[PDB]
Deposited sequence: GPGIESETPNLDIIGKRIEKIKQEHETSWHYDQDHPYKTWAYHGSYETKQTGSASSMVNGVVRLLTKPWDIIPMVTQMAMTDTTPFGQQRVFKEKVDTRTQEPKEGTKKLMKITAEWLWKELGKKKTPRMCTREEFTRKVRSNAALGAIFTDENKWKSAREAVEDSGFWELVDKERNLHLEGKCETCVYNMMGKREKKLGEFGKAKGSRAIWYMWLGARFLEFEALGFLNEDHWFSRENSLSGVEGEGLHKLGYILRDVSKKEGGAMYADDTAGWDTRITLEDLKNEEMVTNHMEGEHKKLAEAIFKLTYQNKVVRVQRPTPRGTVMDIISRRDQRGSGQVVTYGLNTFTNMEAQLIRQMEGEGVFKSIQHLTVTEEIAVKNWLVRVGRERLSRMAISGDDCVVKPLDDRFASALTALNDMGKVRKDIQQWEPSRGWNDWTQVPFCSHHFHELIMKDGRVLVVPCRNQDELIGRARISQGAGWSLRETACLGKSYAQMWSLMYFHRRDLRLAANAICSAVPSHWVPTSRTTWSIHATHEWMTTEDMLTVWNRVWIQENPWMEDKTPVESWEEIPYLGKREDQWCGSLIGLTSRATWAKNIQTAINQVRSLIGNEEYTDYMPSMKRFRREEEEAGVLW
């Protein structure tokens, strides 16, 4: 408790000595409260006018238009201690999983040099603005690195002064850039060196890309076994126990020297003991602590969520296969049985899963998995929108399974080759492309963000009639040589000024390991759509009068946007589609 968090608490006390007050009307039950201090401040979603002018039929669809308008009674909940049998299953499984993940990888420190390059090309490293403006400026000033040095030597000493979270089914924990550096130095190797790639982790999909995920689910479907299960956890980050944080820390057992000590300090000082500042309107700033739940950078959060989810799902598979009888307590021979299962079939069981942080698909040996709930519930990974003890409903067809907010279609090209394509309700795709985040967007920057959405649609969603047409329209309306942008950046092959047919060929044919015949496609007309009825089922306006008028008059919409942007060099992409090819 207060010996580890005191210094951080003591330090904040003094910067607001003219405001400190142990409030008695404090709303916290499960967060330990420490004091308050005076503040006053808040970014809402702005509309992308280039995308909206080229998607007029959607201006009257509430599921689209409502997306641009506008649980902290779940951050303040508590998760019970698992039973001794559960704690044992988790420790055995975690020990075994870090060893498998480490067989072909070497833990290593990430560098100031590497950190500097990331900030100078904009990755969402959730930092705060103070002493320097942007992260870009802090990183080119030795003063910063002297602050980093002081904290670093403090961590080697087993103490923390400045690693404090700022809080804002979502809650995002910003830290100052220096704390983010020290987290990246110690734990960045998990993401930088692809520990959760499918090749390395067998269940993982890190780096895979939306054009790969469907093929991966189809490969899992080919295994003998029961239904495919895709149970969502209710508020995964809030259900991470101190026991979970201690099994995650066992990655430090694979480290050495300075690195081992630096990583141990991140886990002890910042993860297993946390200090947070929260805005309360009654506007004060509350300084609260707790030992459990997930609060890390979003990139480390992803890798450790994947790890703990892989562990939880192997244990649920063990329960279904009868490897252990009860979570209350493991006998000695049950320990040897669990160990033996892991050594004997562990890698086969990992290959039966697709796991992306808190999101999973599992194809177990059989449907006993559906009612194997005791370990899952006792670890605190309670399923969303189903009663605690009601058996999971599985999916019989891999094309119906939800994963990473998508489902996947099998689409046969006129030439017989097979594409497995990502899909989601088209209102969600149009509604998201119509939104920009933050202020000070020029017309050119707004146009380049529209172009990023358009090129993503041409690569991932070409099979949706409305999206291939709208993508072609946006790419016709934005100057040909302007570079697609995004202020928050899976693999992003659409972020390029290369011709999109050449990128399509590279992604779907040349580099696609499931495509034996490498014959290039010569035009967009060779590239198929979903069935017309399947397109409607997934939200296509195809067959409406509004959509027919939009399609027929599309050059008029393109010319409206070209007139606003001004006298620039444009390309007409509409004749790449049969109906505008004269």
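- Item | Stretches with no C-alpha position, numbering per deposited sequence from 1 | Coordinates drop out over 1 to 9, 52 to 53, 82 to 91, 151 to 153, 193 to 207, 322 to 324, 532 to 535, 629 to 637.
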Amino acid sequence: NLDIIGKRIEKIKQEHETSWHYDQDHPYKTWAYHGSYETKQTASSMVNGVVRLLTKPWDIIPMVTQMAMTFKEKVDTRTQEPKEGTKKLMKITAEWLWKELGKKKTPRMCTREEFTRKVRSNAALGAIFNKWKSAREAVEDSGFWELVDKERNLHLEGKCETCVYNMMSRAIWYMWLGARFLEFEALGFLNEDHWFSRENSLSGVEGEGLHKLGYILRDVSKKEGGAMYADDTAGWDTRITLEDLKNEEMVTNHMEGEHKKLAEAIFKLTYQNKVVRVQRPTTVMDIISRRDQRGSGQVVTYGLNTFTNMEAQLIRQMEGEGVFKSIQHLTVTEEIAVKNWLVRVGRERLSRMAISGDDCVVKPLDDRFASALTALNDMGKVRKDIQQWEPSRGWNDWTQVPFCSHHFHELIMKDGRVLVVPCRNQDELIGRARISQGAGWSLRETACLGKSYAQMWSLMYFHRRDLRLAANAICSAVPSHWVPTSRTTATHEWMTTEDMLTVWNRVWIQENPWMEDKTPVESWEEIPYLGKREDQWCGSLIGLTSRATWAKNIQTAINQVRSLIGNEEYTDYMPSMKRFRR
From here on, numbers count along this sequence of modelled residues.
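Just so we're on the same page, rigid core means the largest C-alpha set that superposes within 1.5 Å between forms.
- Task: Compare 370 to 378 with 444 to 452 and report which one shows the larger root mean square C-alpha deviation from this form in 9 other deposited structures of this protein once the rigid core is superposed.
- Result: Most displaced of the pair in 9 other deposited structures of this protein: 444 to 452.
- Out of 528 to 536 and 543 to 551, which shows the greater rigid core-aligned C-alpha deviation in 9 other deposited structures of this protein? With the rigid core fitted, 543 to 551 is the stretch that strays more in 9 other deposited structures of this protein.
- Looking at the other compared entries that model residues on both sides of it, is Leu156 unmodelled in at least a third of them? Modelled in all the others, so no.
- Query: Of the other PDB entries compared that resolve residues on either side of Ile128, does at least a third omit it?
  - Reply: Yes, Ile128 lacks coordinates in at least a third of the other compared entries that model both of its neighbours.
- What stretch has the higher average Cα B-factor here, 443 to 451 or 256 to 264? Stretch with the higher mean C-alpha B-factor: 256 to 264.
- Query: Which is higher on average in the deposited entry, the C-alpha temperature factors of 337 to 345 or of 190 to 198?
  - Reply: The deposited B-factors put 337 to 345 ahead on the C-alpha mean.
- Message: Can you tell me which of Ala370, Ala312, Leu467, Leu156 has the maximum CA B-factor listed in the PDB entry?
- Response: If I rank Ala370, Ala312, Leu467, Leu156 by C-alpha B-factor, first place goes to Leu156.
- Task: Name the residue from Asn166, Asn472, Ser203, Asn305 with the greatest C-alpha temperature factor listed in the entry.
- Result: Comparing C-alpha B-factors across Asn166, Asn472, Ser203, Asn305, the maximum falls on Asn166.
- Task: Using the B-factors in the PDB entry, rank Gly531's C-alpha atom against the chain and give the third, lowest, middle or highest.
- Result: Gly531: CA B-factor falls in the lowest third of its chain.
- Query: Is the Cα B-factor recorded for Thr39 in the lowest, middle or highest third of its chain?
  - Reply: Its C-alpha B-factor belongs to the highest third of this chain's values.
- Message: Considering every modelled residue of the chain and its Cα B-factor in the PDB entry, is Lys118 in the lowest, middle or highest third?
- Response: As the PDB entry reports it, the C-alpha B-factor of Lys118 lands in the highest third of its chain.
- Query: Going by the entry, which third of its chain does the Cα temperature factor of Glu569 land in?
  - Reply: Middle third - that is where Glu569 ends up once the chain's C-alpha B-factors are sorted.
- Message: Lowest, middle or highest third: which one holds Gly295 when the chain's residues are ordered by CA B-factor from the entry?
- Response: Its C-alpha B-factor, which the entry lists for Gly295, ranks in the highest third among residues of this chain.
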